[PDB]
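A, B, C, D, E, F, G, H and I label the chains in the order they appear, each numbered from 1.
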Amino acid sequence: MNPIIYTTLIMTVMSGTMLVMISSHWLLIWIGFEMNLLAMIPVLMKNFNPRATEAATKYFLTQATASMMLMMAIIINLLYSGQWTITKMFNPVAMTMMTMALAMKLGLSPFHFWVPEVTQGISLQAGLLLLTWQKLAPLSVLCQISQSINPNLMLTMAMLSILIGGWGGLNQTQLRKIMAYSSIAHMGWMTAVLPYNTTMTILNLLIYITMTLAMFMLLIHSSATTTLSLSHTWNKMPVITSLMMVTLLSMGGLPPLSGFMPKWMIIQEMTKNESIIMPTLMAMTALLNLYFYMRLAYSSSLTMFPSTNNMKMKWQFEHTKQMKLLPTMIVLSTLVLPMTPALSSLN
Amino acid sequence: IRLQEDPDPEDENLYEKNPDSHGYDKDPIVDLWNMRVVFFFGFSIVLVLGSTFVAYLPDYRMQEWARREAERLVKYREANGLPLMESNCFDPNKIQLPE
Amino acid sequence: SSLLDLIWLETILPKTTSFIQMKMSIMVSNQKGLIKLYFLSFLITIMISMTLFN
Amino acid sequence: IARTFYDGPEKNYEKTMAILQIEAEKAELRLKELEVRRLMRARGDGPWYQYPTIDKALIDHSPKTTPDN
Amino acid sequence: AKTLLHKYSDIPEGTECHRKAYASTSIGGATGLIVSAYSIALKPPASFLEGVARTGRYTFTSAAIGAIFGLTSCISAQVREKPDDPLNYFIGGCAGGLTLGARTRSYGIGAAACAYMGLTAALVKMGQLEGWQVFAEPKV
Amino acid sequence: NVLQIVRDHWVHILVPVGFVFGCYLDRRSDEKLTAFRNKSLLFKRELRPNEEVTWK
Amino acid sequence: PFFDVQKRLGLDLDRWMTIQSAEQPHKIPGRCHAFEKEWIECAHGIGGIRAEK
Amino acid sequence: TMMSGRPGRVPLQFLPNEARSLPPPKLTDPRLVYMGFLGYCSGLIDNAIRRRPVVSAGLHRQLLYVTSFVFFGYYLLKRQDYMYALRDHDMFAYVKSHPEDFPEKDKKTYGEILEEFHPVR
Amino acid sequence: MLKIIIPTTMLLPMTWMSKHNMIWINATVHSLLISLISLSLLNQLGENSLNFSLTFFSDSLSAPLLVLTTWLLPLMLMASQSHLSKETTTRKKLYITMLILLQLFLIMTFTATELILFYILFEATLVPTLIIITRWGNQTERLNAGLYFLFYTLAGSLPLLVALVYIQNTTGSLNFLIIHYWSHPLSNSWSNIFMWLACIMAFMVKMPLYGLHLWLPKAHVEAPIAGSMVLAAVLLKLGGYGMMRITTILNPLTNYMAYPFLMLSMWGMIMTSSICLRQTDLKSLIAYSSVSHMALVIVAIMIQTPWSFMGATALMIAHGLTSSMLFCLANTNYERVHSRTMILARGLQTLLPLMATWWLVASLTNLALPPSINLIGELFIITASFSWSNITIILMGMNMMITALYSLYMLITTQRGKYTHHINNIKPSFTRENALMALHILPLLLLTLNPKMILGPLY
């Protein structure tokens, strides 16, 4: 792919998301979604191989079905209200269809399989962009339409997402599938807190994006896509393994790291509204995520797996490409707990 | 065999290379000064000075003050024929029972 | 030592929970990645959400 | 030792009084804020929870093709 | 599901044990049908007869669990003359867990199911008594 | 060699200066809680002829 | 979520098409122009909750 | 969403004109010091990742890290203080406007209040 | 409290900027200086605590624990010197950094004035301990030990976080002074029962409680010497401190919910002592003895009488010191013979006289020989339990008999008898090891001389 074409497609994806986030018209929001998907498909199919083609095909099918459902919901809402402005939807059936379409776009359970499938199919940069941006946009739409969301359905989908992410991450071995299930669990947390405080939703989004960027960029730096491939990193650059370990600890919600702040704020907000059982179950279920994070950290940082012989040549040579904002994302993902009251600024 | 692994090394004895070893370091001078600073600081400073400091800490718990106040109250009570210990902690005149 | 500490106290809390989580993880991730299958699951979820949610 | 390393009981006493005042005020403010948030979300007559509505400036009041607009 | 739950809650606790058991059996049958549909969708059966057999097995297991729970809880409450007691729900839940263990032919599964189901049924009864809500409406 | 002594033993002032800074910060925090100074019922007292604050 | 660039910069990207009581070509009125105008003028400036109530 | 939709809110404005009536954060603020500490840590991590002497290489870029973090932290603190002040102002206004919803209660002394005593034995 | 907090955050850069051969010397010297500075916190008042600021305060319960932590750090440094000779400079500095961070988190946890900050720091202590165990442990089971430890603690403590945020929303503040002055009785309902369960179960899993204690042998056996020293002496006391702090708002429901935990704790004392009778591993014996002592502390806290809190505090301090000394002795014996089996090496009194003396003194302090603070705390707890009921005396008596039995059993097995013929690498005891044992044992006798400093705020 030509660099000019690649940057044009990236800017088209970003422009589609910006159009979705700045448009007050349902037709314009749908147009932004269509543009985002259209420009996103080649980014997935950059490195051409049958696995990438299959991942792109599955992603296209899922996103097209979600877009059709979203347009149907828009039309149904227009039928009973005659309004195009994105506000509290005036029809429960249209609201349910919109919620299901946005859940399918985000990856919430039971619409989650395509997330690990595509993430394994595509490369690390494609997975990073996919997760981050393609979860950034529908969450903005949901935050705009929050006041009409059915709490029962939203919380059911959120809890299912958390459980499914935990169990999938427990069983998986591939780094990209682990990241996909982590994304599913964090989206579950965000959508669980969504019907109560969109500010907490945005805070969780920002923290999750920072941690995911840090983890994916560390994986790109180490050029590891499996557990055993990552197990050789300690013999070439042990600093990266330690940074990855602290990032994994933060993603598990362990205090006093940055990952504990979203869970803490969400628990507080949900327990303000006389909801105890849901926060308790959500907090207890994150232990599965922390378990597979710790299992991944054992193989890379806290132990020394056997190495190979060409690693000496690896030592002789030096990394050339420099990651952008990697130290900043590492610091922001582990040491911003004492700056929690900035959520008022985020408000 | 399954790996190109180093054999397990024999444990080194500090007394072999230094019969006067204190067990802190394999360098003789560093070992001697580590022992000296540990002994001096810990034993002398911490033990002796902290022990005498705690022994002569001022009576902020007011044990002696409480004893003197108790003696004064006992003297005043038994001089005037009043009971040594009152029946109630608070004043029933100030306490208003619900009725 | 053996009956209580090494066997039953290990069986109740940590071993049973670990076994349950392992079985659930196998059940969740045992999917074959068939678009027909999980799109049929999507259809079932859509019908359930449309009907049994008021 | 008391003259060199420590201070009188009055300092700690009045610092504790100030701390208690601050903490009691904060607790009262938190309870009041929760009550205000609950009432505002329930009713909608306050500055908070003001969900958007259609602006009236978009309406066109010019005469139309038919008198019965 | 809401209609079935409303019927079950509208039937009085200590009385009408047959109707309570019928409501619980209906709830269990609906749950079993949903589970069977998801299982067939995700793991396809070899043949239509095998799919029908799997659906029947799941539905019968769930309906038996529900019926046993309802009957045991209502009978215990009636004989003890002590309604609004989580112990009746605990007994019903353990009975349902033992029924599941009998259906699966596994003593360990039966014991674990009895314990967990009794605990969660006691929790449900305590929530009914105390006013606990799982999906709380946005309040603050 | 005096520079080498400093270049090797300059880390022995970090803990002492940290202790001094901690004492200074403790005093500065104590100066922010003077709302009830010489105002408690138990220790309310007329100031001495040469005195402005009961405690610092 | 909603960066109101249109309101910030004074643009009209889609607010013309948002409602059917706005400026139409050749002043063609909508089917329910009067009802929509009355509803908008009632619900304007009081918030979503009060508008619905 | 609570604050969004507040009357008089100009979109995409980090600090409105009414925020200038509040005391700006002191340059010796502990939060600003923590932001500078985060910048210094980011510089050290940059040196470690790029395989340079951690505490002695790239002094100019470490200084730039610290300066950028301090700058953004100062503006973030200003916005945070403005938001909290606005929240308190709205709360007090609503409490004033709804006295029947926020009434004063009688203060009974503990001599009048009857409370049950539970012995510990 | 900043005068103690800042010197640790200065220990960090000093450790990372010191020379390769001076790290241990600098760390030990400045840790001793910080301990001397922290000795000033023992000057507590009689009525109210020391309120330094809105964030940190010191009480008669917090001060001895802070002094114990600041005193325990340099001993861990000495043990690390012992077992980390061949490590690289960067890894040694990382180990010292982990120890320093753990000490700082413990200090802030003990001096925190609010329950949520207390929870944050008390959970923050998990990371350094897990890293130390799973990174510098010697055997394969260190990963499993770390997993068990972390997940037991988190499964205990998450409902505590939910309960804490609920309590703040309901009452207004989590400040300890406010929740003590504004305390109101807890009604006997299911919701209050479950809140009580959340808080108490969190601290009991941390304590640990019998039945929730397997993580303790797993982690203590497989941890390095410094990790074992900090796990047994200080990290076990977080649960006791929390229970002594959190029970202010749980009355009178504690009078009704304490029965299962009291029975569990007493029968756990009995069971763990009996387990100690037949242990083939020395570290496991010490770990189970720690479990028994913590169960006794649990009984004291649950009965919750003024004579039981003083005994609880004294027993916590005494057990911390005694367990640290026992672990150090066991580690010396292990480093001599590279095996934890107790019957492998014998005749150690013939081969090493001074270590035999240290073993005798440590085992005498373990079995609560009067007038040691171990016995002071145990006797206060026993008297309070006797006032509570008159069969607790039977249970305490049999527990005490079995405790003496297994203490003297391990002493006789390790030190007395005929030396193993084929073990010919028993070098004379090092001055470092002798000084470590002396620094462990002398403060115990000094606290015996002056016992009012460790009897808590109810003295």
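One rule holds in what follows: a contact is a pair of C-beta atoms (placed from the backbone, for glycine too) under 8 Å apart; a residue touches a chain by one contact, two chains touch by 3 or more.
Any chain bridging chain D and chain E, meaning touching each of them, is among A, I; the list is complete.
Contact with chain F and chain H alike is made by D, I.
When every pair of chains is scored by its C-beta contact pairs, the maximum goes to B-I.
Taking each chain's centre as the mean of its C-alpha atoms, chain B lies 53 Å from chain C.
If each chain is reduced to the centroid of its CA atoms, chain D and chain G end up 31 Å from each other.
Chain centres here are Cα means. That of chain C falls 18 Å from that of chain E. Mean C-alpha positions place chain A and chain E at a centre distance of 36 Å. Under the contact definition stated at the top, the residues of chain E that touch 2 or more other chains are 132, 138-140.
Residues of chain I found to touch two or more other chains are 17, 22, 33, 40, 43, 45, 53-54, 151, 169.
Looking at chain D, one finds that residues 6, 9, 13, 15, 19, 34, 37, 49-54 touch two or more other chains. Chain pairs recorded as touching, per the definition above, are A-C, A-D, A-E, A-G, A-H, A-I, B-D, B-H, B-I, C-E, C-I, D-E, D-F, D-G, D-H, D-I, E-I, F-I, G-H, H-I.
Within the complex formed with chain C, the chain I residues making contact are 148, 151, 211-212, 214, 271, 275, 278-279.
Residues 83, 85, 87-88, 147, 272 of chain A are the ones that touch chain D when the two sit in their complex.
Chain I contributes residues 40, 43, 45, 48, 50-51, 53-54, 168-169, 171-173, 175, 177-178, 181-182 to its touches with chain D in the complex.
Contacts from chain A toward chain E in the complex involve residues 151-152, 155-156, 195-196, 270, 272-278. In the complex of the two chains, the chain A residues touching chain C come out as 58, 61, 65, 92-93, 96, 100, 104, 110-111, 113-114, 117, 150, 152-153, 164, 167-168, 170-172, 288.
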